[PDB]
Structures are given as C-alpha cells and as structure tokens.
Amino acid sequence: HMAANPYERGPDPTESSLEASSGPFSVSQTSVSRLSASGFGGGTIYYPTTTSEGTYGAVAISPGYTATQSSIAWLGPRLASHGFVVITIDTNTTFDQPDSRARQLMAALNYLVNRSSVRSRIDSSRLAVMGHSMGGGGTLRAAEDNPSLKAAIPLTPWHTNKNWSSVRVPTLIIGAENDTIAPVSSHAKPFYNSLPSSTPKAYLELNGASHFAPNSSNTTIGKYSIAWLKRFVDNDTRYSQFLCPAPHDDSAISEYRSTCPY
C-alpha cells in the first residue's frame, strides 16, 4: 500500500463542502503594512486558527492592473478555511507589470516564512502562488523562475510573454470565455498550450464570464482552486475527484483541458 500522506488536513472532502462559503477550519487575520513589507506593498495574512493537525502550506495571491488587495481578498478566508496560510498582497504601484509582480509574490512568501508572526504555522517547503490578470502573469513568471513551488493558479492571466515551456510547477489556468481585456485566444490558451507536457496542468474556462469574474465570490473558481492547491501543495489525492469534470454537465464551465503525468 502507499504510505500515509502526512500533509492531509481536514475531513474527507465532498462537493457540498468545496462549494460552501467556508471550509472546516476557522480563520484569523493579521495585516502587514506597506512600509514594513520589503519587496511588496504589504497585505493581509489569512491563517487557520487551530494548529493541532500540523503545519500548513503557504499561498501568495497578487491582484491585477490598477487593482488593490480588496479585489482578491475574498480568496483569503475561502482558501484558508480549508487548511492554508494565505497572504493577499498589494503591489508597490498599481501599474506594476507582470514581471514586477512575480518578484513581489516571492518577496511575500519570503516574508511569510522568515518574518511573519505566523511563520510557525507554515511548512516552508510547500508554497504556492496565485494571481489575477497581471498577477496571473506574474504567477507564471514566478513558477518558471522558482521551480521549488508546489502549485500555481493564474486567474484570467495577462502577459506579453506567451512561452512558458520551462514551467515545472503544477499550473491551473482559469480563463474567462468573454474576456475582452486578456482574451483567452491570445493569453490563457497560449499559456496553457506552451506549458510542458511533463508538467501537471489544467485549463478551466468560465462560461460567459468577464475579465473581472475572479474579483467576486465565485463557486467554480473557489472549488477548483482548493482542489488544485490540496492536490499539489498537500499531495492530497482525496481532491483528485474534483479535477476531472464534464463541461456539458456544468453550466458555469464552457471548457476544460487537463494533462496529468504523475
């Protein structure tokens, strides 16, 4: 038999538990000021209250162009309530390009491990990155330049670079069908196609959604982000059951591609 996974947290998942507003863990918050944050413009840290089940993995989430922390803040308690330490960040300037946001994502993870007040609750060897729009472009660049990351979830990503053939981090790209700012035909889909065949990857296209779909509470985005982070940050195979959907059975999903090598 396969060895027991020590990174498993929370009870066995179901479809109703993943689509719920909150997970099985209570969440507390703490803030990081812009001036004390070295490399990024501060943010808020979301962490589970209880530690009796062991340490958790850390996730850094970046907003998009001319966007602040509040546009992605709903992912904070949504992801943390399932057993993750999440930091939503602000950028140094609201006009920072994707390559600049990639550096600020790793700087936020560096703060979580070395300087944050919740560093004792974090497993430093299991980190992930997320982002919306240009933050999603910075997510791809961070995963390419930091292969030690466990997962990466670009949300309607935007980037001038379409070549991501060196990304070794399991990447879940979530695109919007009617995206007019970062069209999937020139952004999300070329990003997914350029990812290596040996890298676990998936492309989720939201049916009839706009570019700002990730800026509000979304059941589809929340369920598959939890499943992806659980599957690769925690190696939790209990969440693999949620990663093989049929788009014709979900009105919120218009497309789904996925390749798993391991």
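We number the residues from 1 along the sequence you see.
- Stretches 115 to 123 and 79 to 87 differ in mean CA B factor, with 115 to 123 having the higher one.
- Set 28 to 36 against 199 to 207 and average the Cα temperature factors; 28 to 36 ends up higher.
- Remark: of 166, 139, 133, 185, 166 shows the highest value [criterion: C-alpha B-factor in the PDB entry].
- Ranked by C-alpha B-factor against the other modelled residues of its chain, residue 220 falls in the lowest third.
- Annotation for residue 243: C-alpha temperature factor in the lowest third relative to the rest of the modelled chain, per the entry.
- Ranked against the other modelled residues of its chain, the C-alpha B-factor of residue 63 as given in the entry falls in the lowest third.
- When all modelled residues of the chain are sorted by CA temperature factor, residue 92 is found within the middle third.
- Per-chain ranking of the deposited C-alpha B factor places residue 100 in the middle third.
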